Structures are given as structure tokens and as C-alpha cells.
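Ideal geometry is used to build each Cβ from the backbone, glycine not excepted, and the neighbour counts take in all protein chains shown. Please treat every number below as a calculation from the coordinates, not as lab data.
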RNA sequence: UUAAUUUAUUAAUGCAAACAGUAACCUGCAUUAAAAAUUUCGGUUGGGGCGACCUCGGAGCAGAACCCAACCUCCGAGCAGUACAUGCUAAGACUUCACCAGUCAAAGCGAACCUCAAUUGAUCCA
Ligand SMILES: [Mg+2]
Ligand SMILES: [Mg+2]
Ligand SMILES: [Mg+2]
Ligand SMILES: [Mg+2]
Ligand SMILES: [Mg+2]
């Protein structure tokens, strides 16, 4: 994904009006890319003990690739949704 | 041969004036009038500002 | 090749008998085609100007240079023993008197 | 505050100065002397 | 100078003039002398002084400027403490 | 200080108007005796043959301003007399 | 509906909070003092209102 | 100007002189577009008031 | 094209992004190439070309208030030196035939007790 700042300034047109645009408003200047960004980490609840990377029942911050192409498809983990979190807590308590 | 230089007053700070001096010789110190202070005061050379 | 310089527009700006106010330039020159006389000044160009309100007059007056100015002195020394140099001088002859006493009040 | 600070600085400078000027004068004199000496040689 | 604009069909102002000059209500045009913030070292003090003054434009120049602007820049403006306010109106003329 | 029933103010338009403020100096009880004496000594030029300290002022087009100026003058004089 | 008017923006606030220019947010204890001062300056007597 | 208005009947000094009243009288025409911020009282008829 | 500005196309690379593991194919940003693409080709001139010149100043033509040309005749300049009140301001003038640029300058307030012929360059931008 590319974020593209618009050079040349759209001249500001009303509440309920489209602002017509010019072939110089078509000129852009890319401010940032979503790529070339600090890689973030995703939260997952583990349904199974995995190696040293996760303890069963616990909520861990994983590398996103690992989450998306291994853990989630293989039923080894689930998203940090508030829904199932409660359930997991309950399970822990029971244990 | 000659350098342009800025000269900064010690008393009556903020007032700077531009003068000539030969490139080969000493950093310049000079008595000169500050219209802020309204008295003559020593200026000291600081930063050359083009050479010629 | 060479230079083609514009005309300099120098010369007399005010002639004898003209009414010339303080500040009016009287004559502009390079070198002294005229010299400053009574109530007439000299700018850095050698340009002559009126120092008071009045009338311009021209006169041929005996010229004595300043002692400190060397070249003139030398010239003077060179001249024979009954010679006097002479030069043209521009004067303003002032018209309106500087002062008039007026009655302010009876105290 | 701004007015005070700059003003204070200025005052300080003024206080300093009288002797600074003297020093400068002395330096100038010294320089002159040196020049004279050089000329003599 | 766009005697008729595209959308409104009104005359436009050449904004250069507006940037550079001050129209007094009497219709004098005041300008900063050119070459006044430049090469001030080589210039003699008198020259500097001359260059730091404002100046009134020639009649022809004034006329040109009037043509170049719209009637908005010629209106009476009652500013609180504009330093030029006293020069807008003219006193004691005679031909 | 300066109660205005003591003073004699007279106007004169001529744009610059003129406001003649005037009063008998020696008999003015509102001015102190030594102060009065001092005033007499100093501003004798302003005082009339009759014995009235006249100090007119002209500067503004409105007479009020002139009057104010005149008033201020008296105050200034008093101050001077004091020290 | 008839709206509520807004206050001085920023640099008009010191104007209208002083009683020497009869400001509508200025403290009315000082108004009389101001009046007195004015009277002292420009002659004439304050008519008691 | 104010004095004149008073004399002429328009602008009643028995009521308060608000901007609105003045406008009604048609002493002071003002225009919010072109950024007028109301009337300013001026010294021009200082005496003879 | 070995004139300028560009590389959006193709070119490989390089770094990201995607990837896998263990003790390639695609997108984004950089790179230098190839290929192209916009583009313009100043004036004076005894036709044009070639050669020379193109701004400023002094002298002659232009003999006596200014002004006055030529690819007419002759000199030069594109700086120095001294200061560091080459501080502030200000009546009144001159002006290179417009404008822009230049010049002179009484008084006043501050202080003491400029030389030089030419010696330079607007606006916007930095
Ligand atoms: Mg609308
Ligand atoms: Mg040609
Ligand atoms: Mg030929
Ligand atoms: Mg001319
Ligand atoms: Mg003087």
C-alpha cells in the first residue's frame, strides 16, 4: 500500500458538492509506503503448546507471517478477540 | 585580498555591522558606535561573509 | 574598439540674476569652472549650491589657495612678483532678512 | 522576563566595558610601538 | 490581465502589484526603493538612506497600477492604527 | 488639586485654537506660600502687570486638549517649585 | 435562534478588561476612578449620575 | 455627526445608543463583509457637543 | 548529438516487501546503461557568412548653456587605500534626454576639537 500526498491543493468545494479536479491535481508526491515500515507483531491465543514459542492457553505476540501461514491455518491458535479471551480465562481458572 | 567580515558588539548585543579587512592579517577588534547603547563600544570579528 | 559614454549633463543650472532658494544646486562641474563664493557651498562632486535664499551673482575675484593645499601654493610661488591669479566665483546675495521682531503680548 | 534578561546582559556588558576599552587602547599602543621598532630596524 | 475571467466574467487583479505597492485612497502609489536589501556594504551611507525610503510612483505608473487592479484595492479602509492612515486623504492641494 | 472656579479660562479659535488659562498667583490659597513664591521667582515672564500668572497653549485643533495641556503645565510648575 | 455573541478573540481581551477605555468585561469598581482621572486631565466636573 | 443626528430627531438620546439604533437612524452604515468590527467614537466634534 | 531537461518505457543490479529454513515469481524505493522523448539554436552588422564587438568611465568629432552618431579616432575600469559616528535623520535641488537606477545637500539630534574619474547588476528565489 502506498500513501500519496497530493501536490497542488484542491480548491475546497462546499458541504454537499464534489470538487472538480484538474490535470495538475493529478500530480502526486508519495509521502509514505505501508511497506518499508517497522514490522508489528500480532496477538494470538495458543490452543496447543508449541516448541518454546508458545505455552498452551496463553496469549502471545507472534511474528505475523508465522501467525498467518502456520498457526492459524493449523488450528494451533486463535486471534485475541475479546470474545474467546473470556473463555480461555475461564479454562485457565478451571485448570 | 580583502575579506568581508561581520563584527559583533559586546555591549548592545544584536547590533552587527559589516566591514573590510585584509585576508592575511589579524582578527579585527574595533571601537564603534552602537545606536542601541548610544555609546561607542568594542566590536569583535566573527565569521567572514564573502571574500574578494 | 572603445567606450561610448553618455553626456554628463553638467554645467550651470542657475544663471546670474536668478532667484535661488537655500539648497538649490547652482552649477555642476568636474574641476572648478566656477568656485564657491559668498553663501555658496561645494558638494563632494565639486557641485555648487545655494546656502541661503537670494539672487545668484558671478564675479572675478582674486584667488588665494589654502596654505595646507600644496600644489596651488607651489603654483603661486612659481608666478612672477606682480602677478595675481584670479578666478570666477558664484555668490548668492541674500534677499529676505533672517529676522523680524514681532509683538507677542502686552504683559 | 525576556526584556529583563537581554537588558541585564547589556548592563553587565556596560559594566565590563570601561576597562575593556582601556585594554584595547593599550593593545593599540603596543602595536604602534612594535611598528615603530620595525621601522627603526 | 484577464479583462474577463472564465467563471465570474469579472476583471482580475495582477497580484504582483498588490504584493509590491500601497495605494493611498488619494490614488498615490507607494513603493519600496529597489536594490535596498542588496550589496549594502559597497553602498555609501547616503545611498543606503535613499534606498531605505519609500517613494511615490509617477503619474503614468500610478495609472498603470490602477488599471492592473480592481476597485476593491481602491476602497476606503478604516484601519485601527495603520501607520499610513494619515496619508490616504490629501490636504491643501491647489492644481 | 486645582479647583477650576479659581481659574479663569478663555478660548480663542484661529486649524489651531488657543486656550488662555489665567489666575491671580499671590492670592491662590490652593497653592502653598513658599511654592507660590518659587513660582513667582521662576515664571515671572508669564505673570501680568496686574499680578496674574498667564500660560496660554496652542497645539491641537480641539480646545479640550489645549485646556488639558494648560492644566498639566500648572501641575508641572507646582512640582518644580516643590523640588 | 438569536445566538450568543462570542468574546474578544485574544488581543482584544486586554482592551475590554481595562476600565480606562470603558471595557465591558472590566471591573466596575475602577470605572469611577477612571472617570475621576479623566476629569482631572481635561478640566470640568463629573456630573454625578 | 452624533450631535447632528440627535438634532435631526433620528437617534433618540432618551433611549440608549446601541449600534443597531445608529444603523436604523442611518448615521453609521457598516458592513461585516469587508470586515468592519463596528463603530469607533472619534474626537472630531469634541467641543460643540 | 560530446546543447539543455527527463526518464515515465525496456536493463540488469542493489535495498526493502514476500518468502523458506539452520546453528524463485510479483510490488515499493534506489542504480547506471540502452533506447527514446520534450526542446532550443542571441544580437550588432554598408546582404548574409567569417572576423570583431555587445556593461561602465575620460578626451576628440561636438572650438563658447546642456544634448548629439558610426564596425569613427584615442586612452582606460570591472579596483584599491584610509576609516570604523562609511551614526541617525532631514529643508531644498540636480539627474546621462522615459522608467529603474544614480547624485548633491542646509538645519536638527548624536559625535570630534573620507581619498579616488570607471571601479558596478534589478526581481523572484536561495
Ligand atoms: Mg457557497
Ligand atoms: Mg543577425
Ligand atoms: Mg558584410
Ligand atoms: Mg531625466
Ligand atoms: Mg550638518
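Do you know which of the residues in the range C:3-22 that are within 11 Å of RNA strand I (Cβ to nearest atom) and at positive phi is surrounded by the fewest Cβ atoms within 10 Å (Cβ to Cβ)? Of everything passing the filter in the range C:3-22, C:9 is surrounded by the fewest Cβ atoms within 10 Å (Cβ to Cβ). The residues listed here are C:80, C:65; of these, the one that is in contact with a helix residue (DSSP H, G or I) (Cβ under 6 Å, 6 or more places away or on another chain) and more than 17 Å from residue C:17 (Cβ to Cβ) is C:65. Annotation note: of B:37, B:44, B:5, the sole residue that is surrounded by 16 or more Cβ atoms within 10 Å (Cβ to Cβ) and within 13 Å of chain D (Cβ to nearest Cβ) is B:37.
Only a single item in (1) away from chain B (no Cβ under 14 Å); (2) over 26 Å from residue H:40 (Cα atoms); (3) within 16 Å of RNA strand I (Cβ to nearest atom) is not met by residue E:37, and it is number (1). Considering the range B:1-22, the residues that are in a loop (DSSP other than H, G, I, E, B) and within 30 Å of residue D:4 (Cβ to Cβ) include one that is nearest to RNA strand I (Cβ to nearest atom), namely B:15. Checking each residue in the range H:15-25 for being in contact with a helix residue (DSSP H, G or I) (Cβ under 9 Å, 6 or more places away or on another chain) and in a loop (DSSP other than H, G, I, E, B) picks out H:15, H:17. Among the residues making up the range A:8-46, those that are within 14 Å of RNA strand I (Cβ to nearest atom) and surrounded by 11 or more Cβ atoms within 10 Å (Cβ to Cβ) are A:28, A:32, A:33, A:41, A:42.
Within the range B:23-41, being touching a strand residue (DSSP E or B) at 6+ places or on another chain (Cβ under 6 Å) and within 11 Å of RNA strand I (Cβ to nearest atom) holds for B:23, B:28, B:29, B:30, B:31, B:32, B:33, B:34, B:40, B:41. When you check residue E:42 against the structure, is it within 15 Å of RNA strand I (Cβ to nearest atom) and within 14 Å of chain B (Cβ to nearest Cβ), yes or no? The answer is yes for residue E:42. Provide a single number: the residues in the range F:9-39 that are within 14 Å of chain C (Cβ to nearest Cβ) and over 10 Å from the mean Cα position of the chain (by Cα). Qualifying residue count, the range F:9-39: 3. Filtered by the rule that a residue be out of contact with any strand residue (DSSP E or B) (no Cβ under 6 Å at 6 or more places or on another chain) and within 6 Å of RNA strand I (Cβ to nearest atom), the range C:23-54 gives C:23, C:28, C:43, C:44, C:45. Inspect the range H:2-17 for any residue being surrounded by 10 or more Cβ atoms within 10 Å (Cβ to Cβ) and within 15 Å of residue E:78 (Cβ to Cβ) and give the result as yes or no. Scanning the range H:2-17 turns up no residue that is surrounded by 10 or more Cβ atoms within 10 Å (Cβ to Cβ) and within 15 Å of residue E:78 (Cβ to Cβ).
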